[PDB]
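Student: My structure file my_file.txt, compact mmCIF, C-alpha atoms and all ligand atoms, is below:
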```txt
# COMPACT_ATOMS: atom_id res chain seq x y z
CA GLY A 1 0.00 0.00 0.00
CA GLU A 2 0.91 3.71 -0.17
CA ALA A 3 2.86 3.41 3.09
CA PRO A 4 0.77 1.61 5.73
CA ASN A 5 1.09 3.94 8.73
CA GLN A 6 1.97 1.13 11.13
CA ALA A 7 2.76 3.75 13.79
CA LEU A 8 1.56 3.19 17.36
CA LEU A 9 -0.90 5.18 19.47
CA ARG A 10 -0.30 4.97 23.21
CA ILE A 11 -3.25 5.19 25.62
CA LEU A 12 -2.49 6.58 29.11
CA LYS A 13 -4.36 6.95 32.42
CA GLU A 14 -5.23 10.41 33.82
CA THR A 15 -4.35 8.70 37.10
CA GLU A 16 -0.69 8.05 36.26
CA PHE A 17 0.02 11.76 35.77
CA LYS A 18 -0.58 14.99 37.64
CA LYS A 19 -1.16 18.51 36.31
CA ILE A 20 0.84 21.24 37.99
CA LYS A 21 0.23 24.63 36.34
CA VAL A 22 -1.55 26.13 33.36
CA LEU A 23 0.96 27.12 30.71
CA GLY A 24 -1.66 28.73 28.49
CA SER A 25 -5.14 28.83 26.99
CA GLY A 26 -6.64 29.74 23.63
CA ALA A 27 -10.03 28.88 22.13
CA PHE A 28 -8.78 25.33 21.49
CA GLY A 29 -8.35 24.72 25.24
CA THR A 30 -5.60 24.56 27.85
CA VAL A 31 -2.10 23.10 28.06
CA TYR A 32 -0.83 22.24 31.56
CA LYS A 33 2.67 21.70 32.82
CA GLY A 34 2.49 18.13 34.06
CA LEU A 35 4.30 15.14 35.49
CA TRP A 36 3.81 11.66 34.07
CA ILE A 37 4.82 8.65 36.16
CA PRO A 38 4.13 5.39 34.31
CA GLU A 39 3.13 2.72 36.82
CA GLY A 40 5.88 0.33 37.83
CA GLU A 41 8.72 1.96 35.85
CA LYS A 42 10.97 3.97 38.17
CA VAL A 43 10.75 7.07 35.93
CA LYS A 44 9.05 10.45 36.12
CA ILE A 45 8.74 12.30 32.80
CA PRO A 46 7.96 16.03 32.44
CA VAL A 47 5.01 16.54 30.15
CA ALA A 48 2.49 18.99 28.75
CA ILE A 49 -1.15 17.94 28.87
CA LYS A 50 -3.18 19.66 26.14
CA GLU A 51 -6.87 19.77 27.06
CA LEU A 52 -9.40 21.31 24.68
CA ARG A 53 -13.17 22.03 24.43
CA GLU A 54 -16.18 20.06 23.15
CA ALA A 55 -19.20 21.35 21.21
CA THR A 56 -22.62 20.44 19.76
CA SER A 57 -20.83 18.66 16.83
CA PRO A 58 -17.17 19.95 16.60
CA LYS A 59 -16.15 17.78 19.58
CA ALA A 60 -16.92 14.59 17.58
CA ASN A 61 -15.16 15.08 14.20
CA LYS A 62 -11.71 14.37 15.64
CA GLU A 63 -11.51 17.41 17.86
CA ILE A 64 -7.78 16.68 18.06
CA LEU A 65 -7.47 12.98 17.33
CA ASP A 66 -6.52 14.36 13.90
CA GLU A 67 -3.61 16.09 15.62
CA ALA A 68 -3.00 13.02 17.75
CA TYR A 69 -2.96 11.22 14.41
CA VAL A 70 -0.27 13.35 12.73
CA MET A 71 1.83 13.67 15.89
CA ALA A 72 1.44 9.94 16.61
CA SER A 73 3.33 9.41 13.38
CA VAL A 74 6.23 11.85 13.44
CA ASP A 75 9.61 10.83 14.86
CA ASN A 76 12.34 13.41 14.48
CA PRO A 77 14.69 15.36 16.72
CA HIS A 78 13.14 18.67 15.61
CA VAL A 79 9.42 17.88 15.72
CA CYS A 80 7.23 17.60 18.80
CA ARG A 81 6.32 14.01 19.57
CA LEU A 82 3.03 13.01 21.10
CA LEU A 83 3.89 10.78 24.06
CA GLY A 84 0.37 9.42 24.29
CA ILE A 85 -3.32 10.22 24.54
CA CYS A 86 -5.81 10.32 27.42
CA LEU A 87 -9.42 9.14 26.98
CA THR A 88 -11.17 11.46 29.44
CA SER A 89 -14.26 13.26 28.03
CA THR A 90 -11.88 16.02 26.96
CA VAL A 91 -9.22 13.72 25.52
CA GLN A 92 -5.77 14.79 26.69
CA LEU A 93 -2.76 14.89 24.34
CA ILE A 94 0.32 14.08 26.42
CA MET A 95 3.50 15.68 25.05
CA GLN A 96 7.14 16.25 25.94
CA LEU A 97 7.49 19.40 28.01
CA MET A 98 9.43 22.05 26.15
CA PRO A 99 10.76 23.72 29.32
CA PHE A 100 11.87 27.05 27.81
CA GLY A 101 8.66 28.06 26.08
CA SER A 102 7.94 29.21 22.59
CA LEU A 103 10.93 30.70 20.76
CA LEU A 104 9.03 33.92 19.93
CA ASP A 105 8.78 34.62 23.66
CA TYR A 106 12.37 33.46 24.25
CA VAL A 107 14.13 35.73 21.75
CA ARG A 108 12.29 38.77 23.10
CA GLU A 109 13.26 38.08 26.69
CA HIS A 110 16.92 37.49 25.83
CA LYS A 111 17.65 39.79 22.86
CA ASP A 112 20.70 41.35 24.40
CA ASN A 113 22.04 37.83 25.05
CA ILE A 114 21.18 35.82 21.92
CA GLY A 115 24.30 35.26 19.85
CA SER A 116 24.65 34.74 16.11
CA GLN A 117 25.71 31.10 16.59
CA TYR A 118 22.34 30.57 18.25
CA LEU A 119 20.09 32.29 15.68
CA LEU A 120 21.78 30.55 12.76
CA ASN A 121 21.43 27.16 14.46
CA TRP A 122 17.71 27.49 15.20
CA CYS A 123 17.53 28.37 11.52
CA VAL A 124 19.32 25.11 10.70
CA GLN A 125 17.25 23.07 13.17
CA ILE A 126 13.86 24.26 11.91
CA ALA A 127 14.70 23.56 8.27
CA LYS A 128 15.77 20.08 9.39
CA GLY A 129 12.41 19.80 11.15
CA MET A 130 10.43 21.00 8.15
CA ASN A 131 12.44 18.77 5.82
CA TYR A 132 11.37 15.76 7.84
CA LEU A 133 7.75 16.83 7.46
CA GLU A 134 8.36 17.18 3.72
CA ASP A 135 9.74 13.64 3.78
CA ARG A 136 6.62 12.38 5.44
CA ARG A 137 4.50 14.28 2.88
CA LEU A 138 3.28 16.59 5.65
CA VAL A 139 2.32 20.24 5.27
CA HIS A 140 2.53 22.13 8.56
CA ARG A 141 0.29 24.98 7.33
CA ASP A 142 1.09 27.14 10.33
CA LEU A 143 4.85 27.53 10.78
CA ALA A 144 5.68 30.61 12.88
CA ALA A 145 8.06 31.62 15.67
CA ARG A 146 5.26 31.08 18.22
CA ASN A 147 4.85 27.50 16.96
CA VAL A 148 8.55 26.58 17.52
CA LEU A 149 9.27 25.31 21.05
CA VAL A 150 12.46 25.41 23.12
CA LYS A 151 13.73 22.27 24.85
CA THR A 152 17.18 23.71 25.55
CA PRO A 153 18.61 26.98 24.21
CA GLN A 154 20.50 24.70 21.77
CA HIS A 155 17.60 22.50 20.68
CA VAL A 156 14.24 23.56 19.22
CA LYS A 157 11.24 21.61 17.86
CA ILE A 158 8.33 22.48 15.54
CA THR A 159 5.24 22.29 17.60
CA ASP A 160 1.68 22.97 16.43
CA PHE A 161 -0.22 20.58 14.17
CA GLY A 162 -3.85 21.68 14.58
CA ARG A 163 -3.69 22.62 10.89
CA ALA A 164 -1.27 19.96 9.67
CA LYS A 165 -2.59 18.08 6.66
CA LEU A 166 -1.03 14.96 5.20
CA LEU A 167 -0.95 14.92 1.36
CA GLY A 168 -2.16 11.82 -0.55
CA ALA A 169 -0.09 10.07 -3.28
CA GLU A 170 -1.49 12.24 -6.14
CA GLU A 171 -1.80 15.51 -4.13
CA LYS A 172 0.78 18.21 -4.84
CA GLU A 173 -1.28 20.78 -2.93
CA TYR A 174 -3.93 20.89 -0.22
CA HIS A 175 -7.02 23.12 -0.38
CA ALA A 176 -8.32 24.21 3.05
CA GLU A 177 -12.01 25.10 2.63
CA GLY A 178 -11.58 27.78 5.27
CA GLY A 179 -11.67 28.77 8.90
CA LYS A 180 -9.56 31.48 10.44
CA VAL A 181 -5.99 31.75 9.21
CA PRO A 182 -2.56 33.22 10.24
CA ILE A 183 -2.44 35.65 7.34
CA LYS A 184 0.95 37.39 7.82
CA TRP A 185 2.75 34.03 7.58
CA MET A 186 1.12 32.51 4.51
CA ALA A 187 2.36 32.36 0.96
CA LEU A 188 0.55 34.80 -1.32
CA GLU A 189 -0.56 31.72 -3.28
CA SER A 190 -2.32 30.59 -0.09
CA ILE A 191 -3.76 33.98 0.90
CA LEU A 192 -5.72 33.97 -2.40
CA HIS A 193 -6.47 30.37 -3.35
CA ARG A 194 -6.36 28.28 -0.16
CA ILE A 195 -3.49 26.35 -1.80
CA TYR A 196 -0.80 24.97 0.54
CA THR A 197 2.30 23.06 -0.53
CA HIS A 198 5.58 22.29 1.14
CA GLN A 199 6.69 25.42 -0.73
CA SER A 200 4.10 27.58 0.91
CA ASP A 201 5.72 26.21 4.09
CA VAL A 202 8.97 27.80 2.87
CA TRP A 203 7.22 31.18 2.72
CA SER A 204 6.35 30.62 6.37
CA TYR A 205 9.90 29.53 7.23
CA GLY A 206 10.86 32.92 5.75
CA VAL A 207 8.70 34.98 8.11
CA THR A 208 9.96 32.70 10.90
CA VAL A 209 13.61 33.50 10.19
CA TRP A 210 12.58 37.16 10.03
CA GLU A 211 10.81 36.92 13.41
CA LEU A 212 14.05 35.38 14.69
CA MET A 213 16.37 38.04 13.36
CA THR A 214 14.19 40.89 14.62
CA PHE A 215 14.44 39.29 18.08
CA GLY A 216 10.70 38.78 17.96
CA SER A 217 8.98 41.58 16.07
CA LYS A 218 5.53 41.28 14.54
CA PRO A 219 5.57 41.01 10.74
CA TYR A 220 3.65 43.81 9.05
CA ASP A 221 3.04 45.24 12.52
CA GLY A 222 0.48 47.99 12.44
CA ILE A 223 -0.82 46.74 9.07
CA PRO A 224 -4.03 44.64 9.37
CA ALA A 225 -4.10 41.18 7.77
CA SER A 226 -7.03 42.64 5.86
CA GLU A 227 -4.64 43.99 3.20
CA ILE A 228 -1.46 41.86 3.50
CA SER A 229 -2.65 40.44 0.19
CA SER A 230 -2.56 43.87 -1.40
CA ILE A 231 0.85 45.19 -0.36
CA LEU A 232 2.40 41.77 -1.07
CA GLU A 233 0.96 41.82 -4.58
CA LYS A 234 2.49 45.16 -5.58
CA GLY A 235 5.86 43.78 -4.49
CA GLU A 236 6.50 44.89 -0.91
CA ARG A 237 8.19 42.42 1.48
CA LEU A 238 9.37 42.47 5.01
CA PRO A 239 12.36 44.74 5.71
CA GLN A 240 15.94 43.66 6.05
CA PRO A 241 16.61 43.29 9.80
CA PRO A 242 19.53 45.35 11.11
CA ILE A 243 21.53 42.29 12.10
CA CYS A 244 21.35 40.73 8.62
CA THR A 245 23.89 40.71 5.84
CA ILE A 246 22.80 40.48 2.20
CA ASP A 247 23.45 36.76 2.57
CA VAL A 248 20.86 36.10 5.26
CA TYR A 249 18.43 38.63 3.76
CA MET A 250 18.71 37.29 0.22
CA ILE A 251 17.63 33.95 1.68
CA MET A 252 14.43 35.13 3.41
CA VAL A 253 13.63 37.14 0.28
CA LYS A 254 13.92 33.96 -1.85
CA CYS A 255 11.34 32.24 0.39
CA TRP A 256 9.02 35.11 -0.65
CA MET A 257 9.26 34.79 -4.43
CA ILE A 258 5.88 34.75 -6.08
CA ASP A 259 6.66 31.63 -8.10
CA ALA A 260 6.81 28.96 -5.40
CA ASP A 261 8.96 26.64 -7.56
CA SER A 262 11.41 29.55 -7.37
CA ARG A 263 11.74 29.44 -3.57
CA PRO A 264 14.37 27.33 -1.82
CA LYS A 265 13.70 23.78 -0.71
CA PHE A 266 14.21 22.94 2.97
CA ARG A 267 16.95 20.45 2.00
CA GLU A 268 18.84 23.38 0.51
CA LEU A 269 17.98 25.76 3.37
CA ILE A 270 19.80 23.56 5.84
CA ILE A 271 22.85 23.34 3.60
CA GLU A 272 23.00 27.13 3.48
CA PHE A 273 22.42 28.04 7.12
CA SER A 274 24.68 25.11 8.02
CA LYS A 275 27.41 26.87 6.09
CA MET A 276 26.67 30.20 7.79
CA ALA A 277 26.69 28.72 11.32
CA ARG A 278 30.40 27.81 10.94
CA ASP A 279 31.41 31.42 10.41
CA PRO A 280 28.35 32.95 12.11
CA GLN A 281 29.46 36.57 12.08
CA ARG A 282 30.37 37.09 8.54
CA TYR A 283 26.55 36.78 8.46
CA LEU A 284 25.02 38.21 11.64
CA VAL A 285 26.44 41.50 12.92
CA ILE A 286 25.36 41.36 16.56
CA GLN A 287 26.63 44.09 18.88
CA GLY A 288 28.78 42.39 21.49
CA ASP A 289 28.09 38.90 20.05
CA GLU A 290 31.57 38.09 21.29
CA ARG A 291 30.90 38.14 25.09
CA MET A 292 27.95 35.91 24.03
CA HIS A 293 28.20 32.10 23.87
CA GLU A 294 10.12 23.31 36.19
CA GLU A 295 10.08 24.49 39.80
CA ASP A 296 11.72 21.12 40.58
CA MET A 297 10.06 19.46 43.64
CA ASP A 298 11.83 16.12 44.25
CA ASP A 299 13.06 14.54 41.02
CA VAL A 300 16.07 12.15 40.91
CA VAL A 301 14.38 9.27 39.02
CA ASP A 302 13.39 11.26 35.92
CA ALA A 303 13.82 11.05 32.14
CA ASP A 304 12.41 12.77 29.10
CA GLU A 305 13.13 12.38 25.42
CA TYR A 306 14.95 9.18 26.52
CA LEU A 307 11.81 7.32 27.65
CA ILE A 308 9.94 8.05 24.36
CA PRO A 309 12.57 5.49 23.02
CA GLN A 310 10.69 3.15 25.36
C1 LIG A 401 8.27 25.77 30.30
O1 LIG A 401 6.87 25.47 30.02
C2 LIG A 401 6.34 26.18 28.92
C3 LIG A 401 5.99 27.56 29.10
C4 LIG A 401 5.46 28.40 28.06
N1 LIG A 401 5.13 29.81 28.23
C5 LIG A 401 3.97 30.17 29.18
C6 LIG A 401 4.49 30.47 30.68
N2 LIG A 401 5.59 31.43 30.72
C7 LIG A 401 4.98 32.48 29.98
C8 LIG A 401 6.72 30.99 29.87
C9 LIG A 401 6.28 30.81 28.39
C10 LIG A 401 5.32 27.76 26.81
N3 LIG A 401 4.79 28.64 25.66
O2 LIG A 401 3.90 28.38 24.96
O3 LIG A 401 5.43 29.71 25.49
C11 LIG A 401 5.67 26.39 26.62
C12 LIG A 401 6.20 25.55 27.64
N4 LIG A 401 6.49 24.13 27.36
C13 LIG A 401 5.65 23.32 26.48
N5 LIG A 401 5.99 22.00 26.23
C14 LIG A 401 5.19 21.30 25.37
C15 LIG A 401 4.06 21.86 24.76
CL1 LIG A 401 3.10 20.95 23.71
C16 LIG A 401 3.72 23.19 25.01
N6 LIG A 401 2.59 23.84 24.41
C17 LIG A 401 2.06 25.18 24.73
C18 LIG A 401 2.18 25.72 26.04
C19 LIG A 401 1.70 26.99 26.40
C20 LIG A 401 1.05 27.81 25.41
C21 LIG A 401 0.94 27.27 24.10
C22 LIG A 401 1.43 25.96 23.74
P1 LIG A 401 1.36 25.21 22.12
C23 LIG A 401 0.61 26.26 21.01
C24 LIG A 401 3.06 24.92 21.35
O4 LIG A 401 0.44 24.01 22.12
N7 LIG A 401 4.53 23.88 25.86
```
Show me this structure written as structure tokens.
Ligand SMILES: COc1cc(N2CCN(C)CC2)c([N+](=O)[O-])cc1Nc1ncc(Cl)c(Nc2ccccc2P(C)(C)=O)n1
Tutor:
Amino acid sequence: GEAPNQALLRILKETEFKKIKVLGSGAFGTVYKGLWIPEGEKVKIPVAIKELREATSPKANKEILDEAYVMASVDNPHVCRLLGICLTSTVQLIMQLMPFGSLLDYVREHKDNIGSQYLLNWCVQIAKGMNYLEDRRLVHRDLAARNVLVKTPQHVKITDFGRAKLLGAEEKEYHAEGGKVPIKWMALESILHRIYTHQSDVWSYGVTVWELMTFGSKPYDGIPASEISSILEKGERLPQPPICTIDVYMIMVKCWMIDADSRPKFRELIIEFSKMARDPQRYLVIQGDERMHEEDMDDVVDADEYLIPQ
């Protein structure tokens, strides 16, 4: 068959884990900082428990089990893995705790400490992430700095799959009927024709690198998504960030070509940032770059990514 997804889907017990703090809430629901302690096993694993809402019909069309489906499949150092699922009325998605938050938040808080080695490496890690998804014929459809999580300052993972759509053997594009949308991140091709390819993902990767090099700005700030379509059409793009050479800028700008076959492929993006991250400062002029590189109760018997290899 066209790749029998012989993945596994683990079922867990709301008893063998304890919530500890709300990390956030949107319309979707709530994610809690949590502790998972599989019975028997002498391990305690830090987790995020993502609880959502029901409805009069939307609760029973795969409220998230779609997401649990895509995340149940992916295995890659730079993509969030779903540890398991919880079959309470509001099914819980159990996930590895990314203990440093979203990157968008992170770069803001630490601007005057982020180095160029760091920025370029998150650039390399996210392309590696996205390239895995392209391997698995997956289209993230919502790549942004907010949706990249921080495990360590030297290890990030792509993180939100509410909108992820797997392509079928004869599908070069997807066509999302509608809903709300993150306009200032989407390829022009998308913003007009609901068409999403891996290459519209590259457009998003572009805004993401931009978010990263502005230490967390908002793209087209001020401007309302209402007319992003219009300014983009006449030819405007996001500015060159002050820390960026032509080299880094010419890259983001390529991700924003109007012909999407004319944008870079993730496989190439990692080759390029890879090269930059060896001589980081030919490429990122960061003032003083040079002098630049939980609430744990009782732990002891703990683990994390290293249990997921059960
Ligand atoms: C250290 O604990 C966290 C804290 C923080 N915040 C909030 C508290 N303070 C402000 C610090 C910043 C974040 N966050 O979002 O910035 C993440 C983690 N860790 C984590 N691990 C796995 C996951 Cl799945 C997940 N999802 C998560 C958590 C909250 C909000 C939205 C999401 P999402 C859209 C990707 O589903 N979060």
Student: Counting only C-alpha atoms and all ligand atoms, what are the residues, protein, DNA or RNA alike, that approach ligand LIG 401 (chain A) to within 10 Å? I want them as a ChimeraX atom specification.
Tutor: /A:21-26,28-34,46-51,80-82,93-106,146-151,157-162,294-295
Student: Quick one: everything within 9 Å of segment 225-230 of chain A, counting only C-alpha atoms, minus sequence neighbours fewer than 5 positions away in the same chain. Send it as a list in words.
Tutor: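 In the requested form, the answer reads residues 182, 183, 184, 188, 191, 192, 220 and 235 of chain A.
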Student: Emit the selected residues as a compact mmCIF listing (two decimals), in the coordinates of the input, including C-alpha atoms.
Tutor:
```txt
# COMPACT_ATOMS: atom_id res chain seq x y z
CA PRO A 182 -2.56 33.22 10.24
CA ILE A 183 -2.44 35.65 7.34
CA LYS A 184 0.95 37.39 7.82
CA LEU A 188 0.55 34.80 -1.32
CA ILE A 191 -3.76 33.98 0.90
CA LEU A 192 -5.72 33.97 -2.40
CA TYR A 220 3.65 43.81 9.05
CA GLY A 235 5.86 43.78 -4.49
```
Student: Given the choices A:301, A:255, A:284, A:270, which gets closest to residue 132 of chain A if the distance is worked out from all atoms listed in the file?
Tutor: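 Closest to residue 132 of chain A of all the choices is A:270.
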Student: Hey, can you check how far atom CA of residue 279 of chain A sits from atom CA of residue 109 of chain A?
Tutor: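 Going from atom CA of residue 279 of chain A over to atom CA of residue 109 of chain A, I get 25.3 Å.
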Student: Find, counting only C-alpha atoms, the residue in A:60, A:126, A:244, A:300 that gets nearest to residue 89 of chain A.
Tutor: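 Between A:60, A:126, A:244, A:300, the residue approaching residue 89 of chain A most closely is A:60.
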Student: Which residues, written as an mmCIF file with C-alpha atoms, keeping the file's coordinate frame, have at least one atom at most 12 Å from residue 75 of chain A, with all atoms listed in the file counted and residues fewer than 2 positions away on the same chain left out?
Tutor:
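Output saved as part_18.cif:
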```cif
data_model
loop_
_atom_site.group_PDB
_atom_site.id
_atom_site.type_symbol
_atom_site.label_atom_id
_atom_site.label_comp_id
_atom_site.auth_asym_id
_atom_site.auth_seq_id
_atom_site.Cartn_x
_atom_site.Cartn_y
_atom_site.Cartn_z
ATOM 1 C CA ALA A 7 2.760 3.750 13.790
ATOM 2 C CA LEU A 8 1.560 3.190 17.360
ATOM 3 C CA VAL A 70 -0.270 13.350 12.730
ATOM 4 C CA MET A 71 1.830 13.670 15.890
ATOM 5 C CA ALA A 72 1.440 9.940 16.610
ATOM 6 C CA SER A 73 3.330 9.410 13.380
ATOM 7 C CA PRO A 77 14.690 15.360 16.720
ATOM 8 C CA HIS A 78 13.140 18.670 15.610
ATOM 9 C CA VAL A 79 9.420 17.880 15.720
ATOM 10 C CA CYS A 80 7.230 17.600 18.800
ATOM 11 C CA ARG A 81 6.320 14.010 19.570
ATOM 12 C CA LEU A 82 3.030 13.010 21.100
ATOM 13 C CA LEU A 83 3.890 10.780 24.060
ATOM 14 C CA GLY A 129 12.410 19.800 11.150
ATOM 15 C CA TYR A 132 11.370 15.760 7.840
ATOM 16 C CA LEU A 133 7.750 16.830 7.460
ATOM 17 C CA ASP A 135 9.740 13.640 3.780
ATOM 18 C CA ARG A 136 6.620 12.380 5.440
ATOM 19 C CA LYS A 157 11.240 21.610 17.860
ATOM 20 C CA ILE A 158 8.330 22.480 15.540
ATOM 21 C CA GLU A 305 13.130 12.380 25.420
ATOM 22 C CA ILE A 308 9.940 8.050 24.360
ATOM 23 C CA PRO A 309 12.570 5.490 23.020
#
```
Student: Which residues come within 9 Å of residue 91 of chain A, counting only C-alpha atoms, excluding same-chain residues fewer than 6 positions away, as a list in words?
Tutor: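 The contact residues come out as residues 50, 51, 52, 63, 64, 65 and 85 of chain A.
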Student: Suppose you want the space between atom CA of residue 218 of chain A and atom CA of residue 153 of chain A; what is it in Å?
Tutor: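 Atom-to-atom, atom CA of residue 218 of chain A to atom CA of residue 153 of chain A, that is 21.7 Å.
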Student: Write out as a ChimeraX atom specification which residues come within 7 Å of segment 163-175 of chain A when counting only C-alpha atoms, dropping same-chain ones fewer than 3 positions away.
Tutor: /A:137-142,194-197
Student: Record the distance separating atom CA of residue 231 of chain A and atom CA of residue 214 of chain A, expressed in Å with one decimal.
Tutor: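 Atom CA of residue 231 of chain A sits 20.5 Å away from atom CA of residue 214 of chain A.
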Student: Here's a test: counting only C-alpha atoms, identify every protein, DNA and RNA residue with an atom at most 12 Å from (8.7, 37.8, 11.9) in the file's coordinate frame, and state them as an mmCIF file with C-alpha atoms, in the coordinates of the input.
Tutor:
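Resulting contents of out-v8.cif:
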```cif
data_model
loop_
_atom_site.group_PDB
_atom_site.id
_atom_site.type_symbol
_atom_site.label_atom_id
_atom_site.label_comp_id
_atom_site.auth_asym_id
_atom_site.auth_seq_id
_atom_site.Cartn_x
_atom_site.Cartn_y
_atom_site.Cartn_z
ATOM 1 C CA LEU A 103 10.930 30.700 20.760
ATOM 2 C CA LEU A 104 9.030 33.920 19.930
ATOM 3 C CA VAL A 107 14.130 35.730 21.750
ATOM 4 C CA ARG A 108 12.290 38.770 23.100
ATOM 5 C CA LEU A 143 4.850 27.530 10.780
ATOM 6 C CA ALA A 144 5.680 30.610 12.880
ATOM 7 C CA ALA A 145 8.060 31.620 15.670
ATOM 8 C CA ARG A 146 5.260 31.080 18.220
ATOM 9 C CA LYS A 184 0.950 37.390 7.820
ATOM 10 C CA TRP A 185 2.750 34.030 7.580
ATOM 11 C CA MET A 186 1.120 32.510 4.510
ATOM 12 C CA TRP A 203 7.220 31.180 2.720
ATOM 13 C CA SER A 204 6.350 30.620 6.370
ATOM 14 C CA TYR A 205 9.900 29.530 7.230
ATOM 15 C CA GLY A 206 10.860 32.920 5.750
ATOM 16 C CA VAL A 207 8.700 34.980 8.110
ATOM 17 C CA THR A 208 9.960 32.700 10.900
ATOM 18 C CA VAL A 209 13.610 33.500 10.190
ATOM 19 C CA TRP A 210 12.580 37.160 10.030
ATOM 20 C CA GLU A 211 10.810 36.920 13.410
ATOM 21 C CA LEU A 212 14.050 35.380 14.690
ATOM 22 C CA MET A 213 16.370 38.040 13.360
ATOM 23 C CA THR A 214 14.190 40.890 14.620
ATOM 24 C CA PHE A 215 14.440 39.290 18.080
ATOM 25 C CA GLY A 216 10.700 38.780 17.960
ATOM 26 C CA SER A 217 8.980 41.580 16.070
ATOM 27 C CA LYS A 218 5.530 41.280 14.540
ATOM 28 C CA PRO A 219 5.570 41.010 10.740
ATOM 29 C CA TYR A 220 3.650 43.810 9.050
ATOM 30 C CA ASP A 221 3.040 45.240 12.520
ATOM 31 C CA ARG A 237 8.190 42.420 1.480
ATOM 32 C CA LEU A 238 9.370 42.470 5.010
ATOM 33 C CA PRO A 239 12.360 44.740 5.710
ATOM 34 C CA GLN A 240 15.940 43.660 6.050
ATOM 35 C CA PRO A 241 16.610 43.290 9.800
ATOM 36 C CA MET A 252 14.430 35.130 3.410
#
```
Student: Which one is closest to residue 121 of chain A: A:92, A:190, A:154, A:56? Count only C-alpha atoms.
Tutor: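 Looking at the shortest contact to residue 121 of chain A, the residue is A:154.
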Student: Excluding segment 113-118 of chain A and residues on its chain fewer than 6 positions from it, collect all residues at most 6 Å away from it, counting all atoms listed in the file, and give them as a ChimeraX atom specification.
Tutor: /A:277,280,284,289,292
Student: Could you take the residues named above and write them with C-alpha atoms, as a short mmCIF file (atom, residue, chain, number, x, y, z; two decimals), in the coordinates of the input?
Tutor:
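Result saved to selection-v1.cif:
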```
data_model
loop_
_atom_site.label_atom_id
_atom_site.label_comp_id
_atom_site.auth_asym_id
_atom_site.auth_seq_id
_atom_site.Cartn_x
_atom_site.Cartn_y
_atom_site.Cartn_z
CA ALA A 277 26.69 28.72 11.32
CA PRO A 280 28.35 32.95 12.11
CA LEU A 284 25.02 38.21 11.64
CA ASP A 289 28.09 38.90 20.05
CA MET A 292 27.95 35.91 24.03
#
```
Student: Build an axis-aligned box that encloses every atom of segment 285-293 of chain A listed in the file, pad it by 5 Å on each side, and report its centre and edge lengths in Å to one decimal, as JSON.
Tutor:
```
{"center_x": 28.5, "center_y": 38.1, "center_z": 19.0, "size_x": 16.2, "size_y": 22.0, "size_z": 22.2}
```
